[PDB]
Amino acid sequence: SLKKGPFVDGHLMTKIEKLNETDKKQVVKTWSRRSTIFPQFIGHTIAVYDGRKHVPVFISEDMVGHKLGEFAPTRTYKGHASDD
Amino acid sequence: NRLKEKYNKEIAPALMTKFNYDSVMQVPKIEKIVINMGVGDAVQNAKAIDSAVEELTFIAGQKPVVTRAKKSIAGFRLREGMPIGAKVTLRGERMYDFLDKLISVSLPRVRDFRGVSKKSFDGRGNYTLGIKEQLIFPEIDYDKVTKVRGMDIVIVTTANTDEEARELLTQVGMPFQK
Amino acid sequence: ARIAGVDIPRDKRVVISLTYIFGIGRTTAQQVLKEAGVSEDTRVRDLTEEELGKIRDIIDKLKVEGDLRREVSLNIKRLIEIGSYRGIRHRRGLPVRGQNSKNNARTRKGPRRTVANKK
RNA sequence: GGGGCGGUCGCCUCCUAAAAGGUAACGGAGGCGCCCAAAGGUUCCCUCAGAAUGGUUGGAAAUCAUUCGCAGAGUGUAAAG
RNA sequence: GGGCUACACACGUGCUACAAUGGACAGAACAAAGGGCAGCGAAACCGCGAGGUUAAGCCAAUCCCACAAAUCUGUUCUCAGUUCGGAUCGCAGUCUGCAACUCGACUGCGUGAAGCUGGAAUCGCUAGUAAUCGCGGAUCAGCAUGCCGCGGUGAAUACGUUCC
């Protein structure tokens with residue numbers, strides 16, 4: 001990125017804000033993987049829309065600046081014939 | 001000898017108050033350090049295993065002795081004869097002159113190292129440690145040795161239990177990962 | 001051996017001689033020597049008995065060989081336990097920065113060999 | 001346990017041999033026409049195999065520290081003693 | 001939102017090198033052509049750099065993109081996986097864009113693969129051609145080792161139709 005600053009679409013902002021202030025709801029899908037993780041966002045688990053299937057993702061304290069959608073690879077491995 | 005005087009005045013009296021002792025006089029004592037070489041030959045034809053033996057004279061002044069194998073191995077050389085590695089058993093005033101170099105100089109020199117030895121205790125007494133660089137010992141020159149050879153240290157405690165053996169080491173100033 | 005960065009060589013001028021240090025590069029050497037005022041000096045290794053020490057201190061401020069290796073190691077270990085995707089590229093043999101795979105990129109893949117035919 | 005064919009012919013260990021010894025069968029299991037100037041002699045010392053625990057390159061094992069180990073070892077080569 | 005960028009591998013086609021006719025540093029010097037108003041953006045200033053702040057001029061033989069590079073002149077390294085080469089990756093920044101994870105470019109710092117001229121085989125070119133050095137444009141928000149052009153430096157050989 002650059003400066004001022006990391007950019008969530010902003011709906012995730014109010015969502016995680018309301019989820020932080022109250023309710024403590026867990027597991028929620030999102031199509032907007034472009035959004036970066038935030039300190040207020042910590043500890044939540046989001047189903048990430050790779051396209052084929054949502055992949056749930058827990059948020060450790062260590063991850064912030066990495067993109068939220070980065071953790072789930074759309075790519076399928078490998079695929080190769082004769083292993084070993 | 002400064003380390004030797006140190007437990008005669010500082011460590012012991014503090015160690016005495018930490019818990020009770022039968023017959024007052026009893027106190028755990030360091031016995032012997034055993035430094036291993038191993039070398040690994042790779043394979044048998046070093047060709048000079050003795051050149052590694054000369055290197056250990058720098059780490060400690062006691063003369064190293066090659067450890068001849070007492071058993072053959074199918075996976076690696078060799079049947080009895082043609083010794084693998086070397087061993088040293090420094091004692092007396094040499095013991096604390098060497099340990100003083102270990103805490104003050106050797107261990108901090110290592111790159112990634114910050115602290116080790118947690119599960120390392122036998123539950124009986126003896127401490128163990130691994131050493132992977134000659135850079136760790138100041139007396140060795142960088143120009144010598146070139147290729148790295150491995151090293152070991154095994155401090156011995158008189159104490160019958162690891163809980164006493166550990167507490168003795170902490171007052172010596174021995175590092176722990178915690 | 002040696003006084004600053006461990007195992008600096010011999011019979012070479014001081015700047016390239018401490019570029020070999022796992023930490024300082026070329027321009028950083030230009031900076032530490034700019035602080036030094038040595039002027040190069042010395043082609044071999046003969047600096048000065050105390051100036052070698054004051055340079056040893058400035059180099060000591062910079063950090064640090066195998067611990068710097070521990071920096072990159074702890075960093076990539078941070079990059080694998082985090083999930084992940086970047087360390088995933090670090091251990092697939094996949095290039096990490098993002099530059100295909102359909103051709104070349106053998107820096108991690110290695111040379112040999114081949115296991116396919118048609119028809 | 002007809003001959004021929006096959007196998008065997010000597011020495012050494014155990015069992016069959018039945019609590020002295022001996023003791024048969026083309027009975028049951030194995031070895032040997034050596035090897036070593038040292039693995040001999042003498043003197044002075046030492047105690048194994050395997051297990052658990054801790055450990056750098058050491059992985060199920062090369063190396064080392066420790067409790068356990070009346071011998072689960074070794075005794076040139078094969079068995080009994 | 002992905003994918004068109006897959007990844008054990010094969011092939012085609014380019015780029016960069018494997019170095020002392022060289023590398024690195026300093027100084028000095030010679031171009032052409034093309035583009036520019038939803039643009040080019042000088043100069044001044046800030047940042048090591050990339051760029052930013054601010055803003056003159058230019059609808060352009062006026063001004064801007066813009067500095068030509070090889071080269072020459074000296075200093076330095078003295079034949080090695082190297083002060084050779086830059087890969088790969090880490091960290092920290094930056095331009096464009098609602099937005100740079102997949103899957104952008106650039107910079108600073110750090111890391112310093114392979115490669116010391118390449119088997120069988122194969123390609124181009126008869127002179128300003130081959131050899132090589134830089135520049136611009138179409139493309140285009142951003143992204144040009146590709147393509148299309150511009151100029152600098154600038155050869156060797158051609159006996160001949162036996163053979164392909």
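Return the residue satisfying two criteria in turn: it lies in region B:71-112 and is among the polar types (S, T, N, Q) and under 12 Å from the mean Cα position of the chain (by Cα), and of such residues it is surrounded by the fewest Cβ atoms within 10 Å (Cβ to Cβ).
First, pick out the residues of region B:71-112 that are among the polar types (S, T, N, Q): B:72, B:89, B:104, B:106.
Going one step further and asking which of them are under 12 Å from the mean Cα position of the chain (by Cα), we end up with B:89, B:106.
Details: B:89: 13, B:106: 20.
Among residues in region B:71-112 that are among the polar types (S, T, N, Q) and under 12 Å from the mean Cα position of the chain (by Cα), the one surrounded by the fewest Cβ atoms within 10 Å (Cβ to Cβ) is B:89.
Please go through region B:155-175 and give me each residue that is over 21 Å from residue B:131 (Cβ atoms), polar (S, T, N, Q) and free of Cβ contacts under 8 Å to residues at least 40 places away in the same chain, ordered by number.
B:160, B:161
Every residue, every condition in (1) closer than 30 Å to residue C:4 by Cβ; (2) of a type in the set (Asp, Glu), yes or no:
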position	(1), (2)
B:37	yes, no
B:40	no, no
B:48	no, no
B:51	yes, no
B:55	yes, yes
B:82	no, no
B:92	no, no
B:101	yes, no
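Would you confirm whether or not region B:18-41 contains a residue that is among the small types (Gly, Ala, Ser) and over 30 Å from residue B:149 (Cα atoms)?
yes
Which one of these is exposed (fewer than 10 other Cβ atoms within 10 Å of the Cβ) and of a type in the set (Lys, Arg): A:78, A:67?
Within the list A:78, A:67, the selection yields A:78.
For region C:5-13, state whether one or more residues are in contact (Cβ under 8 Å) with a residue 24 or more places away in the chain, within 12 Å of RNA strand E (Cβ to nearest atom), surrounded by 14 or more Cβ atoms within 10 Å (Cβ to Cβ) and closer than 22 Å to residue B:133 by Cα.
yes
Condition first: charged (D, E, K, R), surrounded by fewer than 14 Cβ atoms within 10 Å (Cβ to Cβ) and more than 17 Å from the chain's Cα centre (by Cα). Can you find one or more residues in region C:20-31 that meet it?
Within region C:20-31, not a single residue is charged (D, E, K, R), surrounded by fewer than 14 Cβ atoms within 10 Å (Cβ to Cβ) and more than 17 Å from the chain's Cα centre (by Cα).
Looking at residue A:56, is it surrounded by fewer than 17 Cβ atoms within 10 Å (Cβ to Cβ) and in contact with a strand residue (DSSP E or B) (Cβ under 6 Å, 6 or more places away or on another chain)?
Answer is yes for this residue.
Restricting attention to region A:71-83, report how many residues are without any contact (Cβ under 8 Å) to a residue 24 or more places away in the chain and within 11 Å of another protein chain (Cβ to nearest Cβ).
If we filter region A:71-83 for residues that are without any contact (Cβ under 8 Å) to a residue 24 or more places away in the chain, which is where we start, we get A:71, A:73, A:75-83.
Subsequent filtering for residues that are within 11 Å of another protein chain (Cβ to nearest Cβ) retains A:71, A:73, A:75, A:77-78, A:80-83.
Total satisfying the criteria: 9.
Which residues, taken from region C:1-19, are away from chain B (no Cβ under 12 Å) and in a loop (DSSP other than H, G, I, E, B)?
Passing the criteria: C:11, C:12, C:13.
Rundown of residues vs (1) more than 14 Å from chain B (Cβ to nearest Cβ); (2) touching a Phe, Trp or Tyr at 6+ places or on another chain (Cβ under 7 Å); (3) surrounded by 12 or more Cβ atoms within 10 Å (Cβ to Cβ), yes/no style:
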residue: C:43; (1), (2), (3): yes, no, no
residue: C:51; (1), (2), (3): yes, no, yes
residue: C:85; (1), (2), (3): yes, yes, yes
residue: C:95; (1), (2), (3): yes, no, yes
residue: C:103; (1), (2), (3): yes, no, no
residue: C:115; (1), (2), (3): yes, no, no
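Name the helices (runs of 4 or more DSSP H) wholly inside region C:40-119 in which the number of residues that are on the phi < 0 side of the Ramachandran plot and more than 9 Å from RNA strand E (Cβ to nearest atom) is 3 or more. Steps first, please.
Working: elements: C:51-61, C:65-81, C:86-92, C:106-109.
Correct list: C:51-61, C:65-81.
Can you pull out every residue in region B:26-64 that is surrounded by 13 or more Cβ atoms within 10 Å (Cβ to Cβ), farther than 30 Å from residue B:5 by Cβ and of a type in the set (A, V, I, L, M, F, W, C)?
B:37, B:39, B:46, B:49, B:52, B:53
Whether any residue in region A:3-19 is part of a loop (DSSP other than H, G, I, E, B), away from every other protein chain (no Cβ under 14 Å) and away from RNA strand E (no atom under 13 Å from the Cβ) is what I want to check.
Just the residues of region A:3-19 that are part of a loop (DSSP other than H, G, I, E, B), to begin with: A:3-10.
Okay, now just the ones that are also away from every other protein chain (no Cβ under 14 Å), so A:3-10.
Applying the additional criterion that residues be away from RNA strand E (no atom under 13 Å from the Cβ) yields none.
Scanning region A:3-19, I find no residue that is part of a loop (DSSP other than H, G, I, E, B), away from every other protein chain (no Cβ under 14 Å) and away from RNA strand E (no atom under 13 Å from the Cβ), so the answer is no.
Which residues, counting only those in region A:45-67, are within 11 Å of chain C (Cβ to nearest Cβ), in a loop (DSSP other than H, G, I, E, B) and near RNA strand E (Cβ under 8 Å from one of its atoms)?
Correct list: A:65, A:66.
Go through (1) out of contact with any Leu (no Cβ under 9 Å at 6 or more places or on another chain); (2) surrounded by 15 or more Cβ atoms within 10 Å (Cβ to Cβ); (3) within 12 Å of another protein chain (Cβ to nearest Cβ) for residue C:73 and report which single condition fails.
(2)
Those residues that are in contact with a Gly (Cβ under 8 Å, 6 or more places away or on another chain) and among the aliphatic types (A, V, I, L, M), I need them from region B:1-53; list them, please.
Matches in region B:1-53: B:37, B:39.
Please determine, by comparing only the residues of region B:81-114 that are within 30 Å of residue B:45 (Cβ to Cβ) and assigned to a loop (DSSP other than H, G, I, E, B), which one is nearest to the other protein chains (Cβ to nearest Cβ).
The extreme case among them is B:85.
When residue B:107 is evaluated against the numbered criteria (1) touching a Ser or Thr at 6+ places or on another chain (Cβ under 8 Å); (2) of a type outside the set (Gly, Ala, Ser); (3) more than 12 Å from RNA strand D (Cβ to nearest atom), which criterion, by number, is the only one it fails?
Condition (1) is where residue B:107 drops out.
What pairs come up if the first residue lies in region A:1-16 and is under 14 Å from residue A:29 (Cα atoms), the second is of a type in the set (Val, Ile, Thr) and surrounded by 11 or more Cβ atoms within 10 Å (Cβ to Cβ), and their beta carbons are under 8 Å apart, counting only those six or more places apart or on different chains?
A:12/A:30; A:15/A:28
Cβ coordinates were reconstructed from backbone atoms using ideal geometry, including for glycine residues, and neighbour counts include every protein chain displayed. Laboratory data are not the source of any read-out in this text; all were calculated from the coordinates shown.
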